[PDB]
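Novice: Structure file target27.cif (mmCIF, C-alpha atoms; chains and numbers go by the auth columns) right here:
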data_target
#
loop_
_atom_site.group_PDB
_atom_site.id
_atom_site.type_symbol
_atom_site.label_atom_id
_atom_site.label_comp_id
_atom_site.label_asym_id
_atom_site.label_seq_id
_atom_site.Cartn_x
_atom_site.Cartn_y
_atom_site.Cartn_z
_atom_site.B_iso_or_equiv
_atom_site.auth_seq_id
_atom_site.auth_asym_id
ATOM 1 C CA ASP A 1 108.824 69.248 11.733 0.00 1 G
ATOM 2 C CA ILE A 2 106.083 69.436 14.363 0.00 2 G
ATOM 3 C CA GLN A 3 106.401 70.447 18.036 0.00 3 G
ATOM 4 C CA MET A 4 104.402 68.394 20.566 0.00 4 G
ATOM 5 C CA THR A 5 103.651 69.964 23.968 0.00 5 G
ATOM 6 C CA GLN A 6 102.426 67.590 26.656 0.00 6 G
ATOM 7 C CA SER A 7 101.247 68.522 30.157 0.00 7 G
ATOM 8 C CA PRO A 8 101.302 68.284 33.035 0.00 8 G
ATOM 9 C CA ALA A 9 104.836 67.014 33.557 0.00 9 G
ATOM 10 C CA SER A 10 103.771 64.871 36.460 0.00 10 G
ATOM 11 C CA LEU A 11 100.669 64.537 38.573 0.00 11 G
ATOM 12 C CA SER A 12 99.894 62.708 41.785 0.00 12 G
ATOM 13 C CA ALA A 13 96.588 60.964 42.400 0.00 13 G
ATOM 14 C CA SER A 14 95.092 58.025 44.221 0.00 14 G
ATOM 15 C CA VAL A 15 93.520 54.806 43.108 0.00 15 G
ATOM 16 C CA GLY A 16 89.914 55.236 42.052 0.00 16 G
ATOM 17 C CA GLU A 17 90.240 58.855 40.944 0.00 17 G
ATOM 18 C CA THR A 18 90.183 60.449 37.482 0.00 18 G
ATOM 19 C CA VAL A 19 93.001 62.329 35.796 0.00 19 G
ATOM 20 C CA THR A 20 93.419 64.172 32.511 0.00 20 G
ATOM 21 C CA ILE A 21 96.584 64.501 30.433 0.00 21 G
ATOM 22 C CA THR A 22 96.799 66.798 27.410 0.00 22 G
ATOM 23 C CA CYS A 23 98.961 67.304 24.318 0.00 23 G
ATOM 24 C CA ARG A 24 99.073 70.331 22.048 0.00 24 G
ATOM 25 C CA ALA A 25 100.552 70.289 18.531 0.00 25 G
ATOM 26 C CA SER A 26 102.356 73.248 16.927 0.00 26 G
ATOM 27 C CA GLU A 27 100.424 72.674 13.716 0.00 27 G
ATOM 28 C CA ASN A 28 97.123 71.037 12.819 0.00 28 G
ATOM 29 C CA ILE A 29 97.367 67.252 12.667 0.00 29 G
ATOM 30 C CA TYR A 30 93.671 66.327 12.576 0.00 30 G
ATOM 31 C CA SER A 31 93.443 62.964 14.346 0.00 31 G
ATOM 32 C CA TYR A 32 96.897 61.524 13.684 0.00 32 G
ATOM 33 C CA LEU A 33 97.805 61.435 17.342 0.00 33 G
ATOM 34 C CA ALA A 34 98.486 58.398 19.519 0.00 34 G
ATOM 35 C CA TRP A 35 99.147 57.810 23.218 0.00 35 G
ATOM 36 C CA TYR A 36 101.646 55.372 24.653 0.00 36 G
ATOM 37 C CA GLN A 37 102.030 53.917 28.079 0.00 37 G
ATOM 38 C CA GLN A 38 105.386 52.978 29.535 0.00 38 G
ATOM 39 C CA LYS A 39 105.818 51.383 32.919 0.00 39 G
ATOM 40 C CA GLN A 40 108.698 49.803 34.780 0.00 40 G
ATOM 41 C CA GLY A 41 111.448 49.483 32.234 0.00 41 G
ATOM 42 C CA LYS A 42 109.596 48.275 29.165 0.00 42 G
ATOM 43 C CA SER A 43 108.903 49.566 25.676 0.00 43 G
ATOM 44 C CA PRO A 44 106.020 51.986 25.263 0.00 44 G
ATOM 45 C CA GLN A 45 102.691 50.172 24.889 0.00 45 G
ATOM 46 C CA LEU A 46 100.086 51.611 22.535 0.00 46 G
ATOM 47 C CA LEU A 47 96.961 52.783 24.381 0.00 47 G
ATOM 48 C CA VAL A 48 95.091 54.898 21.859 0.00 48 G
ATOM 49 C CA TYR A 49 95.706 55.960 18.288 0.00 49 G
ATOM 50 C CA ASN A 50 93.865 58.161 15.799 0.00 50 G
ATOM 51 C CA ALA A 51 93.009 60.473 18.710 0.00 51 G
ATOM 52 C CA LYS A 52 90.303 58.298 20.266 0.00 52 G
ATOM 53 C CA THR A 53 90.618 54.667 19.165 0.00 53 G
ATOM 54 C CA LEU A 54 91.549 52.147 21.865 0.00 54 G
ATOM 55 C CA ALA A 55 94.106 49.489 21.080 0.00 55 G
ATOM 56 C CA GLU A 56 93.589 45.754 21.398 0.00 56 G
ATOM 57 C CA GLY A 57 93.172 44.661 25.004 0.00 57 G
ATOM 58 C CA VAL A 58 93.228 48.192 26.374 0.00 58 G
ATOM 59 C CA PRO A 59 90.931 48.791 29.388 0.00 59 G
ATOM 60 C CA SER A 60 87.792 50.860 28.869 0.00 60 G
ATOM 61 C CA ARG A 61 88.840 53.355 31.539 0.00 61 G
ATOM 62 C CA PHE A 62 91.174 54.828 28.909 0.00 62 G
ATOM 63 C CA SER A 63 89.671 57.369 26.555 0.00 63 G
ATOM 64 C CA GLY A 64 91.326 59.796 24.213 0.00 64 G
ATOM 65 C CA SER A 65 89.635 62.788 22.625 0.00 65 G
ATOM 66 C CA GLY A 66 90.602 65.865 20.651 0.00 66 G
ATOM 67 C CA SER A 67 91.231 66.948 17.070 0.00 67 G
ATOM 68 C CA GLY A 68 93.385 69.530 15.332 0.00 68 G
ATOM 69 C CA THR A 69 95.912 70.803 17.847 0.00 69 G
ATOM 70 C CA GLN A 70 94.369 69.954 21.238 0.00 70 G
ATOM 71 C CA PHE A 71 94.107 66.328 22.397 0.00 71 G
ATOM 72 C CA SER A 72 93.635 64.690 25.753 0.00 72 G
ATOM 73 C CA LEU A 73 93.840 61.255 27.323 0.00 73 G
ATOM 74 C CA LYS A 74 91.510 60.798 30.298 0.00 74 G
ATOM 75 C CA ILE A 75 91.872 57.953 32.804 0.00 75 G
ATOM 76 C CA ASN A 76 88.916 56.847 34.891 0.00 76 G
ATOM 77 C CA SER A 77 89.257 55.172 38.259 0.00 77 G
ATOM 78 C CA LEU A 78 93.002 54.881 38.302 0.00 78 G
ATOM 79 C CA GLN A 79 93.956 51.249 38.843 0.00 79 G
ATOM 80 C CA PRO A 80 97.222 50.711 40.728 0.00 80 G
ATOM 81 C CA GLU A 81 98.809 49.288 37.560 0.00 81 G
ATOM 82 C CA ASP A 82 98.240 52.525 35.623 0.00 82 G
ATOM 83 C CA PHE A 83 101.033 54.384 37.340 0.00 83 G
ATOM 84 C CA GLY A 84 103.959 55.072 35.015 0.00 84 G
ATOM 85 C CA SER A 85 104.787 57.393 32.110 0.00 85 G
ATOM 86 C CA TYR A 86 102.471 58.494 29.308 0.00 86 G
ATOM 87 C CA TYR A 87 103.574 59.862 25.953 0.00 87 G
ATOM 88 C CA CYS A 88 101.685 61.320 23.027 0.00 88 G
ATOM 89 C CA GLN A 89 103.088 61.004 19.516 0.00 89 G
ATOM 90 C CA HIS A 90 101.773 62.566 16.339 0.00 90 G
ATOM 91 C CA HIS A 91 101.444 60.178 13.419 0.00 91 G
ATOM 92 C CA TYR A 92 101.242 62.975 10.880 0.00 92 G
ATOM 93 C CA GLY A 93 104.269 64.502 9.183 0.00 93 G
ATOM 94 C CA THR A 94 107.556 62.615 9.454 0.00 94 G
ATOM 95 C CA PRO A 95 109.553 62.377 11.392 0.00 95 G
ATOM 96 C CA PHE A 96 107.150 61.237 14.106 0.00 96 G
ATOM 97 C CA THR A 97 107.963 62.714 17.494 0.00 97 G
ATOM 98 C CA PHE A 98 106.811 62.364 21.108 0.00 98 G
ATOM 99 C CA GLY A 99 105.763 64.773 23.834 0.00 99 G
ATOM 100 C CA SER A 100 107.858 65.557 26.905 0.00 100 G
ATOM 101 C CA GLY A 101 105.854 62.966 28.805 0.00 101 G
ATOM 102 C CA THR A 102 103.793 62.807 31.987 0.00 102 G
ATOM 103 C CA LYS A 103 104.878 60.868 35.056 0.00 103 G
ATOM 104 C CA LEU A 104 101.785 59.651 36.909 0.00 104 G
ATOM 105 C CA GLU A 105 102.247 58.594 40.539 0.00 105 G
ATOM 106 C CA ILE A 106 100.341 57.818 43.774 0.00 106 G
ATOM 107 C CA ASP B 1 76.431 65.104 54.360 0.00 1 M
ATOM 108 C CA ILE B 2 78.177 65.005 50.983 0.00 2 M
ATOM 109 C CA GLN B 3 81.657 63.652 50.163 0.00 3 M
ATOM 110 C CA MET B 4 83.765 65.696 47.716 0.00 4 M
ATOM 111 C CA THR B 5 86.632 63.935 45.903 0.00 5 M
ATOM 112 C CA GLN B 6 89.139 66.194 44.177 0.00 6 M
ATOM 113 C CA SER B 7 92.057 65.106 41.983 0.00 7 M
ATOM 114 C CA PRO B 8 94.849 65.088 41.244 0.00 8 M
ATOM 115 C CA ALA B 9 96.454 65.896 44.582 0.00 9 M
ATOM 116 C CA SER B 10 99.183 67.889 42.930 0.00 10 M
ATOM 117 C CA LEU B 11 100.397 68.393 39.398 0.00 11 M
ATOM 118 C CA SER B 12 103.464 70.016 37.908 0.00 12 M
ATOM 119 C CA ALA B 13 103.352 72.067 34.726 0.00 13 M
ATOM 120 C CA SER B 14 105.021 74.991 33.035 0.00 14 M
ATOM 121 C CA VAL B 15 103.898 78.452 32.123 0.00 15 M
ATOM 122 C CA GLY B 16 101.860 78.529 28.939 0.00 16 M
ATOM 123 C CA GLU B 17 100.476 75.005 29.252 0.00 17 M
ATOM 124 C CA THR B 18 96.971 73.731 30.038 0.00 18 M
ATOM 125 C CA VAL B 19 95.911 71.693 33.045 0.00 19 M
ATOM 126 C CA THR B 20 92.675 70.104 34.213 0.00 20 M
ATOM 127 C CA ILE B 21 91.512 69.594 37.795 0.00 21 M
ATOM 128 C CA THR B 22 88.420 67.557 38.656 0.00 22 M
ATOM 129 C CA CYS B 23 85.995 67.074 41.551 0.00 23 M
ATOM 130 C CA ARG B 24 83.511 64.260 42.039 0.00 24 M
ATOM 131 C CA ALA B 25 80.558 64.435 44.448 0.00 25 M
ATOM 132 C CA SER B 26 79.177 61.438 46.371 0.00 26 M
ATOM 133 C CA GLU B 27 75.649 62.502 45.479 0.00 27 M
ATOM 134 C CA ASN B 28 74.082 64.578 42.720 0.00 28 M
ATOM 135 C CA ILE B 29 74.436 68.309 43.321 0.00 29 M
ATOM 136 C CA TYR B 30 73.449 69.654 39.895 0.00 30 M
ATOM 137 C CA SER B 31 75.464 72.858 39.466 0.00 31 M
ATOM 138 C CA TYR B 32 75.935 73.944 43.077 0.00 32 M
ATOM 139 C CA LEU B 33 79.687 73.614 42.920 0.00 33 M
ATOM 140 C CA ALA B 34 82.299 76.356 43.217 0.00 34 M
ATOM 141 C CA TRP B 35 86.081 76.544 42.855 0.00 35 M
ATOM 142 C CA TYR B 36 88.410 78.547 45.047 0.00 36 M
ATOM 143 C CA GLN B 37 91.955 79.650 44.572 0.00 37 M
ATOM 144 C CA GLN B 38 94.365 80.070 47.449 0.00 38 M
ATOM 145 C CA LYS B 39 97.899 81.308 47.044 0.00 39 M
ATOM 146 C CA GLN B 40 100.641 82.383 49.406 0.00 40 M
ATOM 147 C CA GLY B 41 98.993 82.604 52.780 0.00 41 M
ATOM 148 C CA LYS B 42 95.694 84.275 51.979 0.00 42 M
ATOM 149 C CA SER B 43 92.025 83.376 52.191 0.00 43 M
ATOM 150 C CA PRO B 44 90.570 81.346 49.345 0.00 44 M
ATOM 151 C CA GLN B 45 89.515 83.554 46.425 0.00 45 M
ATOM 152 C CA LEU B 46 86.393 82.630 44.477 0.00 46 M
ATOM 153 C CA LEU B 47 87.172 81.669 40.870 0.00 47 M
ATOM 154 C CA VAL B 48 84.012 80.006 39.614 0.00 48 M
ATOM 155 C CA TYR B 49 80.646 79.192 41.117 0.00 49 M
ATOM 156 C CA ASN B 50 77.516 77.437 39.871 0.00 50 M
ATOM 157 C CA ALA B 51 79.800 74.997 38.033 0.00 51 M
ATOM 158 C CA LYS B 52 80.800 77.326 35.196 0.00 52 M
ATOM 159 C CA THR B 53 80.248 80.978 36.119 0.00 53 M
ATOM 160 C CA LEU B 54 83.369 83.134 36.463 0.00 54 M
ATOM 161 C CA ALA B 55 83.619 85.539 39.357 0.00 55 M
ATOM 162 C CA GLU B 56 84.209 89.267 39.094 0.00 56 M
ATOM 163 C CA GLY B 57 87.666 90.087 37.771 0.00 57 M
ATOM 164 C CA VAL B 58 88.587 86.469 37.135 0.00 58 M
ATOM 165 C CA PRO B 59 90.773 85.879 34.038 0.00 59 M
ATOM 166 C CA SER B 60 89.188 84.235 31.008 0.00 60 M
ATOM 167 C CA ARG B 61 91.738 81.416 31.041 0.00 61 M
ATOM 168 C CA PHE B 62 89.691 79.918 33.887 0.00 62 M
ATOM 169 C CA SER B 63 86.743 77.777 32.897 0.00 63 M
ATOM 170 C CA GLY B 64 84.677 75.387 34.931 0.00 64 M
ATOM 171 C CA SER B 65 82.358 72.756 33.506 0.00 65 M
ATOM 172 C CA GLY B 66 80.384 69.769 34.723 0.00 66 M
ATOM 173 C CA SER B 67 77.009 68.933 36.242 0.00 67 M
ATOM 174 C CA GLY B 68 75.639 66.280 38.568 0.00 68 M
ATOM 175 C CA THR B 69 78.583 64.516 40.163 0.00 69 M
ATOM 176 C CA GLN B 70 81.501 65.241 37.805 0.00 70 M
ATOM 177 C CA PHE B 71 82.951 68.760 37.539 0.00 71 M
ATOM 178 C CA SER B 72 86.218 70.146 36.282 0.00 72 M
ATOM 179 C CA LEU B 73 88.166 73.388 36.330 0.00 73 M
ATOM 180 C CA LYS B 74 90.427 73.852 33.304 0.00 74 M
ATOM 181 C CA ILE B 75 93.245 76.411 33.186 0.00 75 M
ATOM 182 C CA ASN B 76 94.563 77.664 29.868 0.00 76 M
ATOM 183 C CA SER B 77 98.064 78.993 29.387 0.00 77 M
ATOM 184 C CA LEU B 78 99.157 78.850 32.978 0.00 78 M
ATOM 185 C CA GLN B 79 100.349 82.289 34.049 0.00 79 M
ATOM 186 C CA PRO B 80 103.099 82.285 36.684 0.00 80 M
ATOM 187 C CA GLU B 81 100.667 83.785 39.216 0.00 81 M
ATOM 188 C CA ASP B 82 98.291 80.813 38.941 0.00 82 M
ATOM 189 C CA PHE B 83 100.479 78.506 40.966 0.00 83 M
ATOM 190 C CA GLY B 84 98.974 77.690 44.359 0.00 84 M
ATOM 191 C CA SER B 85 96.158 75.548 45.770 0.00 85 M
ATOM 192 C CA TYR B 86 92.725 74.963 44.253 0.00 86 M
ATOM 193 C CA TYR B 87 89.663 73.772 46.136 0.00 87 M
ATOM 194 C CA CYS B 88 86.187 72.796 45.032 0.00 88 M
ATOM 195 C CA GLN B 89 83.250 73.250 47.391 0.00 89 M
ATOM 196 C CA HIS B 90 79.679 72.128 46.897 0.00 90 M
ATOM 197 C CA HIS B 91 77.072 74.779 47.611 0.00 91 M
ATOM 198 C CA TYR B 92 74.271 72.253 47.895 0.00 92 M
ATOM 199 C CA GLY B 93 73.298 70.541 51.135 0.00 93 M
ATOM 200 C CA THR B 94 74.667 72.009 54.361 0.00 94 M
ATOM 201 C CA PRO B 95 77.088 71.850 55.743 0.00 95 M
ATOM 202 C CA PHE B 96 79.159 73.020 52.779 0.00 96 M
ATOM 203 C CA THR B 97 82.448 71.174 52.473 0.00 97 M
ATOM 204 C CA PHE B 98 85.628 71.341 50.382 0.00 98 M
ATOM 205 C CA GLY B 99 87.672 68.842 48.405 0.00 99 M
ATOM 206 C CA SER B 100 91.086 67.563 49.472 0.00 100 M
ATOM 207 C CA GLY B 101 92.653 70.194 47.244 0.00 101 M
ATOM 208 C CA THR B 102 95.151 70.314 44.390 0.00 102 M
ATOM 209 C CA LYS B 103 98.601 71.845 44.727 0.00 103 M
ATOM 210 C CA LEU B 104 99.669 73.244 41.354 0.00 104 M
ATOM 211 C CA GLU B 105 103.384 73.925 40.862 0.00 105 M
ATOM 212 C CA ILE B 106 106.045 74.633 38.194 0.00 106 M
#
Using the file provided, produce a representation of the structure as structure tokens.
Specialist:
Amino acid sequence: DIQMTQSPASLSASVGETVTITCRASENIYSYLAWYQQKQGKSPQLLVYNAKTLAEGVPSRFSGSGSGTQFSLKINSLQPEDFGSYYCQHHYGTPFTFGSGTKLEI
Amino acid sequence: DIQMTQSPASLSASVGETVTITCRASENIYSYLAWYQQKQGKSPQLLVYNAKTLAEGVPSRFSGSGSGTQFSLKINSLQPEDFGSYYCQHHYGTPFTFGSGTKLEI
């Protein structure tokens, strides 16, 4: 029973810029934290897991960092395709739950 | 003649959370970068200068970091009074100019 707190709720940027999304956990979870991307109306795609490990075929502009209770996903040079929703999910103590989410838009 | 690029344009969060604002410079400026806060309809107040030095009577939840061309102002546990506009300004080569700004709102 862990509480995930993501922020900001939504942010507005322009192509080429850099943005930072963060997630705080109510308890310590070490590095069992993953980030998902969800655009259009599709299932969430896995971007990074284990706090900072990219997933197969995931652009290098995506980088996660953090350990314990503070984690953050940073996006470099926003590409137009990166606009959508981002969710963090702890992969620690079941059941696994997500953060409120962050809507990213131009 | 230096170009400052701030981002995001605006972000939405809730009291208690943590947000990160960034500013990129077109050239290297070392640590000659300051952040200003502007709320309501008042003049910009100085938060941090020289990249990471707080100003007199500036809450500890405000922390700047960065050097060269990448700098960022991080705000911990947003207090309700922290909502307004934030501007970065390089204090390097005249004339001194600001970034596009970031509107922070609940």
Novice: Taking every listed atom of region 74-86 of chain M and adding 6 Å to each side, what centre and edge lengths in Å (one decimal) does the axis-aligned box have, as lines of an AutoDock Vina configuration file?
Specialist:
center_x = 96.8
center_y = 78.8
center_z = 37.6
size_x = 24.7
size_y = 21.9
size_z = 28.4
Novice: In Å to one decimal, how far is CA of residue 69 (chain M) from CA of residue 25 (chain M)?
Specialist: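 These atoms are spaced 4.7 Å apart.
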Novice: Mind fitting chain G onto chain M over all Cα atoms in sequence order and sending the result as an mmCIF file with C-alpha atoms, in the frame of the given file?
Specialist:
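Result file follows (out_33.cif):
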data_model
loop_
_atom_site.group_PDB
_atom_site.id
_atom_site.type_symbol
_atom_site.label_atom_id
_atom_site.label_comp_id
_atom_site.auth_asym_id
_atom_site.auth_seq_id
_atom_site.Cartn_x
_atom_site.Cartn_y
_atom_site.Cartn_z
ATOM 1 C CA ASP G 1 76.430 65.103 54.360
ATOM 2 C CA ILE G 2 78.176 65.005 50.983
ATOM 3 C CA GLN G 3 81.657 63.652 50.163
ATOM 4 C CA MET G 4 83.765 65.695 47.715
ATOM 5 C CA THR G 5 86.632 63.935 45.903
ATOM 6 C CA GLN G 6 89.139 66.194 44.178
ATOM 7 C CA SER G 7 92.057 65.106 41.983
ATOM 8 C CA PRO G 8 94.849 65.088 41.244
ATOM 9 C CA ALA G 9 96.454 65.896 44.582
ATOM 10 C CA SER G 10 99.183 67.889 42.930
ATOM 11 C CA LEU G 11 100.397 68.393 39.398
ATOM 12 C CA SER G 12 103.464 70.016 37.908
ATOM 13 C CA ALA G 13 103.353 72.067 34.726
ATOM 14 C CA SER G 14 105.022 74.990 33.035
ATOM 15 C CA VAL G 15 103.899 78.452 32.123
ATOM 16 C CA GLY G 16 101.860 78.529 28.939
ATOM 17 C CA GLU G 17 100.476 75.005 29.252
ATOM 18 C CA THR G 18 96.971 73.732 30.038
ATOM 19 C CA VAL G 19 95.911 71.693 33.045
ATOM 20 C CA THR G 20 92.675 70.104 34.213
ATOM 21 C CA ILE G 21 91.513 69.595 37.795
ATOM 22 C CA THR G 22 88.420 67.557 38.656
ATOM 23 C CA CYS G 23 85.996 67.074 41.551
ATOM 24 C CA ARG G 24 83.511 64.260 42.039
ATOM 25 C CA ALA G 25 80.557 64.435 44.448
ATOM 26 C CA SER G 26 79.177 61.438 46.371
ATOM 27 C CA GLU G 27 75.649 62.503 45.480
ATOM 28 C CA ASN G 28 74.082 64.577 42.720
ATOM 29 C CA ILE G 29 74.435 68.309 43.321
ATOM 30 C CA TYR G 30 73.449 69.655 39.894
ATOM 31 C CA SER G 31 75.463 72.857 39.466
ATOM 32 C CA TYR G 32 75.934 73.944 43.077
ATOM 33 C CA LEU G 33 79.687 73.614 42.920
ATOM 34 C CA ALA G 34 82.299 76.355 43.217
ATOM 35 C CA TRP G 35 86.081 76.544 42.855
ATOM 36 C CA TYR G 36 88.410 78.548 45.047
ATOM 37 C CA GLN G 37 91.955 79.649 44.572
ATOM 38 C CA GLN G 38 94.366 80.070 47.449
ATOM 39 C CA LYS G 39 97.899 81.309 47.043
ATOM 40 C CA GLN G 40 100.641 82.383 49.406
ATOM 41 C CA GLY G 41 98.993 82.604 52.779
ATOM 42 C CA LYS G 42 95.695 84.275 51.980
ATOM 43 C CA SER G 43 92.025 83.376 52.191
ATOM 44 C CA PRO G 44 90.570 81.346 49.345
ATOM 45 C CA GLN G 45 89.514 83.554 46.426
ATOM 46 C CA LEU G 46 86.392 82.630 44.477
ATOM 47 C CA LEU G 47 87.172 81.669 40.870
ATOM 48 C CA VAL G 48 84.012 80.006 39.613
ATOM 49 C CA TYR G 49 80.646 79.192 41.117
ATOM 50 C CA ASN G 50 77.515 77.438 39.872
ATOM 51 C CA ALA G 51 79.800 74.997 38.034
ATOM 52 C CA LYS G 52 80.799 77.326 35.196
ATOM 53 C CA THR G 53 80.248 80.978 36.119
ATOM 54 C CA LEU G 54 83.369 83.134 36.463
ATOM 55 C CA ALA G 55 83.619 85.539 39.356
ATOM 56 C CA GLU G 56 84.209 89.268 39.093
ATOM 57 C CA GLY G 57 87.666 90.087 37.771
ATOM 58 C CA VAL G 58 88.587 86.469 37.135
ATOM 59 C CA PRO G 59 90.773 85.879 34.038
ATOM 60 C CA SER G 60 89.187 84.235 31.007
ATOM 61 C CA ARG G 61 91.738 81.417 31.041
ATOM 62 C CA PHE G 62 89.691 79.918 33.887
ATOM 63 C CA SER G 63 86.743 77.777 32.897
ATOM 64 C CA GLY G 64 84.678 75.387 34.931
ATOM 65 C CA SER G 65 82.358 72.756 33.506
ATOM 66 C CA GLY G 66 80.383 69.769 34.723
ATOM 67 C CA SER G 67 77.009 68.933 36.241
ATOM 68 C CA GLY G 68 75.639 66.281 38.568
ATOM 69 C CA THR G 69 78.583 64.516 40.164
ATOM 70 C CA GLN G 70 81.501 65.241 37.805
ATOM 71 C CA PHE G 71 82.952 68.760 37.539
ATOM 72 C CA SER G 72 86.217 70.147 36.282
ATOM 73 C CA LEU G 73 88.166 73.388 36.330
ATOM 74 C CA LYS G 74 90.427 73.851 33.303
ATOM 75 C CA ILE G 75 93.245 76.411 33.186
ATOM 76 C CA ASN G 76 94.562 77.664 29.868
ATOM 77 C CA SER G 77 98.065 78.993 29.387
ATOM 78 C CA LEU G 78 99.157 78.849 32.978
ATOM 79 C CA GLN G 79 100.349 82.289 34.049
ATOM 80 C CA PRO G 80 103.100 82.286 36.684
ATOM 81 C CA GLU G 81 100.667 83.785 39.217
ATOM 82 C CA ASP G 82 98.291 80.812 38.941
ATOM 83 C CA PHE G 83 100.479 78.506 40.966
ATOM 84 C CA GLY G 84 98.974 77.690 44.359
ATOM 85 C CA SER G 85 96.158 75.548 45.770
ATOM 86 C CA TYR G 86 92.725 74.964 44.254
ATOM 87 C CA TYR G 87 89.663 73.772 46.137
ATOM 88 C CA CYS G 88 86.187 72.796 45.032
ATOM 89 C CA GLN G 89 83.250 73.250 47.391
ATOM 90 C CA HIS G 90 79.678 72.127 46.897
ATOM 91 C CA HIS G 91 77.072 74.779 47.612
ATOM 92 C CA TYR G 92 74.271 72.252 47.895
ATOM 93 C CA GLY G 93 73.298 70.541 51.135
ATOM 94 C CA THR G 94 74.666 72.009 54.361
ATOM 95 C CA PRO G 95 77.088 71.850 55.743
ATOM 96 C CA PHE G 96 79.159 73.020 52.779
ATOM 97 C CA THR G 97 82.448 71.174 52.473
ATOM 98 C CA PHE G 98 85.628 71.341 50.382
ATOM 99 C CA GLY G 99 87.672 68.843 48.405
ATOM 100 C CA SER G 100 91.087 67.564 49.472
ATOM 101 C CA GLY G 101 92.653 70.194 47.244
ATOM 102 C CA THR G 102 95.151 70.314 44.390
ATOM 103 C CA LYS G 103 98.601 71.845 44.727
ATOM 104 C CA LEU G 104 99.669 73.244 41.354
ATOM 105 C CA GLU G 105 103.384 73.925 40.861
ATOM 106 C CA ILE G 106 106.046 74.633 38.194
#
Novice: Using all atoms listed in the file, which chain M residues lie at most 6 Å away from chain G, written as a ChimeraX atom specification?
Specialist: /M:8-13
Novice: Given the file above and the PyMOL selection byres ((chain G and resi 101) around 6), which residues are selected, and can you give them as a VMD selection string?
Specialist: chain G and resid 86 to 87 99 to 100 102
Novice: Run the PyMOL selection byres ((chain M and resi 16) around 6) against the file shown and list the residues it catches, as an mmCIF file with C-alpha atoms, keeping the file's coordinate frame.
Specialist:
data_model
loop_
_atom_site.group_PDB
_atom_site.id
_atom_site.type_symbol
_atom_site.label_atom_id
_atom_site.label_comp_id
_atom_site.auth_asym_id
_atom_site.auth_seq_id
_atom_site.Cartn_x
_atom_site.Cartn_y
_atom_site.Cartn_z
ATOM 1 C CA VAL M 15 103.898 78.452 32.123
ATOM 2 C CA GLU M 17 100.476 75.005 29.252
ATOM 3 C CA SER M 77 98.064 78.993 29.387
ATOM 4 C CA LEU M 78 99.157 78.850 32.978
#
Novice: Rounded to one decimal, what separation in Å do you get between CA of residue 41 (chain M) and CA of residue 2 (chain M)?
Specialist: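 These atoms are spaced 27.3 Å apart.
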Novice: For a quick check of understanding, using only C-alpha atoms, which of G:39, G:34, G:52, G:1 has the smallest distance to residue 91 (chain G)?
Specialist: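 Counting only C-alpha atoms, the residue closest to residue 91 (chain G) is G:34.
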Novice: In Å, rounded to a single decimal, give me how far CA of residue 80 (chain G) is from CA of residue 47 (chain G).
Specialist: 16.5 Å
Novice: Expand the PyMOL selection byres ((chain M and resi 35) around 10) into the explicit residue set it covers here, and present it as a count of residues only.
Specialist: 28
Novice: Mind checking which residues fall within 9 Å of residue 40 (chain M), counting all atoms listed in the file, ignoring those fewer than 2 positions away in the same chain, and posting them as number ranges by chain?
Specialist: M: 38, 42, 84-85
Novice: Tell me which of G:79, G:66, G:58, G:30 sits closest to residue 93 (chain G), counting all atoms listed in the file.
Specialist: G:30
